[PDB]
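The structure is given below, and queries will be raised subsequently.
Chain IDs A, B and C follow the sequence of writing; residue 1 opens each chain.
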Amino acid sequence: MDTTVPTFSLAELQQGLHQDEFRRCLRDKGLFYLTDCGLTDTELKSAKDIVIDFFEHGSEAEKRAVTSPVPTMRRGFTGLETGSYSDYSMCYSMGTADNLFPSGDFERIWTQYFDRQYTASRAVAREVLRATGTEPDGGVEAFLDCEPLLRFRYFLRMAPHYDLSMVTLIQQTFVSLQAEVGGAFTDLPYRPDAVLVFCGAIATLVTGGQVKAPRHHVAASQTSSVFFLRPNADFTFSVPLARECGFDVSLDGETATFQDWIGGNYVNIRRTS
Amino acid sequence: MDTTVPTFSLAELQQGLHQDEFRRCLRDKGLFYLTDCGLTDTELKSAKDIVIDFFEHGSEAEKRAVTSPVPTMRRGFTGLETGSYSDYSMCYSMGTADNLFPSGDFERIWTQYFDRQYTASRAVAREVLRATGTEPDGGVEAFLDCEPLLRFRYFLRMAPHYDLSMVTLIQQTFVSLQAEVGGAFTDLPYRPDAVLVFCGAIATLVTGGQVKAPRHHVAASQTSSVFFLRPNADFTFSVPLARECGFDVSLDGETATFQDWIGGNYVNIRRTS
Amino acid sequence: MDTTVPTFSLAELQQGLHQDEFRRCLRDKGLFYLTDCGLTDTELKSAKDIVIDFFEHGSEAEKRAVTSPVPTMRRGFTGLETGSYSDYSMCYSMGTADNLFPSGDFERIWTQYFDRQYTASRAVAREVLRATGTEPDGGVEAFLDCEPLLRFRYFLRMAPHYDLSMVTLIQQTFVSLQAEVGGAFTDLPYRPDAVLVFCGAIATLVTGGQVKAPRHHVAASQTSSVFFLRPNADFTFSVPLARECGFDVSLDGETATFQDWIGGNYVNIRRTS
């Protein structure tokens, strides 16, 4: 089997092309680059510049006003680890609501950036479901109108793990990002013309094991954008089916919700260790 | 903004003094020293000496008799990490009930030590609620008659994290303890005349985001007393409100309990990493 | 007290012999070697050879076909951590159903290997319950017809922790495995004639604190078989009783289930740190 990370045009997928190839990719690899999805280096420049300017020239008062009282990295500014937790790296997060913006121009640029990412993530997830003939409990659209989280970081840096999202979209700017493909770590360089997609555990779950959730990590001067498309707490699934594809669930009953499985706080990643 | 860790007299707070300053501290820093709360180096000496004597002269049989069958560090003696888990450090824990005491004198000294700590923690938490005009679901006293945990350790030693308590009271004896203040790690030396207070995530939650829960850590021959004031499993709060201040909750419904959020086992700290 | 790890014959236990010694072992140590349980180096050779052959000569296609879409190490092949997650070590897991076998001969050999392990684990757990006069809520057999997990690994390697199983059976092949006995790490060498047993937190819980769940770790060219006997999600227990023996539960009510306590996903180990 080719260990190459494939590339798919969203437009072409939406037209019913390369369905067999798409299915094989999802099953055997669970990751691919996506083009023609409305996201390129162009849309990124604007957001990167404005936020980077903030991480460098924003004062403490300005950062404080956009910092959550709890360091959860859910909304606003965060200094992630004498000195400051910023020494290692800084982060900016946002979602569909309850955001913290430092200025008007920043808000406009990022609200639009977030929207393109959300639209693209929903679109590719929609094709993931169609290619596997998957109809989530409660319908496709209700499943896709969910709880996304966008994190932008600015600098092994990150330990091996898999994501618990439906799908995760990544934009980057030495190749630090590595993913397991064909039983070996493969480089995942930047593609100014595309976004990198990682399938998460929820894709595996909802499709009944038809999609792989690949492990990946970061080796150790770069910025990355990570968009997690996460289901709603009440997303419902079959317990026996989860067991049939690898989930070591401790759930009584025939059906369960995302909340029942993961708990009352979103968990984005999981280390196999 | 001054990055100095302020000091407040409990007596003065209870009299309605420095309310504006207290509010600013809670919001911008989430930590402060507390005086006139009935806890000083005096009350500590007695407890420290008796337990330290145990950690050094107590036999294996004596330690075994006050050691829980599961190494949870909830009650009794614990050797925390050829050799012994004690090599790194030893710990002694207690709560309102189900305690394990090695002797009568030890019991008397520690029951009184625990009580002063619990009274002080409840008292400062009571002022935290009043300063922010917070009325917990079910009332103030029911909220404060909770599930505290006292841990005494004897020796980065501890990774950056924030506490999930309402408030945490610390007594100490090179400044190892560092906390993030104004975007920088600040030393938190010992004050024989006061107790150091850290606001936890529950303070942030119950007050609707009016209190910061500061991150902190320990850099690497000292003993420290840590008292966590923790809510009851049935403490209830508004889901939309939790989201409004940073909590990345995966909870269906308008209201939820501490148990719904954290799970069936108390979790005292959380690393932002 | 002797810090020696005792050995017990399953046959002799089932006949009512050494009951006082067994009780003392469970309470003070929580670990022991077990003989006459139907498991020796003989039964192991067959399974070890066939799987080891796979880890070395099996192609990527063959490994892929027995690899779960999510890297949970619940069923099938797993490469556990330029290179591959296999570099560190490889693993093969199985349970009562939903298994992934690479060949017919492999299936026969391992289905029988798993069965002997499950029978032995249930048998010793049955004696653990009888020696402590324990009658689980819902009866002994319903409690023992549970959710076991068998993991076979092929290479500190593993950090200090205790197991959350009822009991855990280990077969091994320099002594890497160390356990805390009498307040000191003790070697746990291989015994071709016996299986090593570790009591888990569930044994402590169901017996009301009569059984210790010992901490252990691995120091750093060997293979080990680990069989966790895990309760069903609906296993029910008394909340006040759990508190009486060390469990820091955040559970409202008088009774709770394993699922209520641990969550919707099995958790096999826990680090005291």
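Note that a contact is a pair of C-beta atoms (placed from the backbone, for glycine too) under 8 Å apart; a residue touches a chain by one contact, two chains touch by 3 or more.
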Arrangement of touching chains [line / ring / star / complete / other]: complete
Fitted rotation between chain A and its twin chain C in degrees, CA, nearest 5: 120
Numbering shared by both copies at the chain B-chain A contact, with half separating same from different: different
Chain centre separation in whole Å, for chain B relative to chain A (CA means): 35
Set of chain B residues in contact with two or more other chains: 262-263
Chain A residues touching chain C - in the complex, by the definition given at the top: 1, 27-28, 30, 160, 162, 180, 182-185, 201, 204, 209-213, 215, 243-252, 256, 260-263, 272-273
Sites on chain C touched by chain A in the complex: 60-61, 63-64, 68-76, 78-86, 98, 147, 149, 232-234, 257-259, 262-266
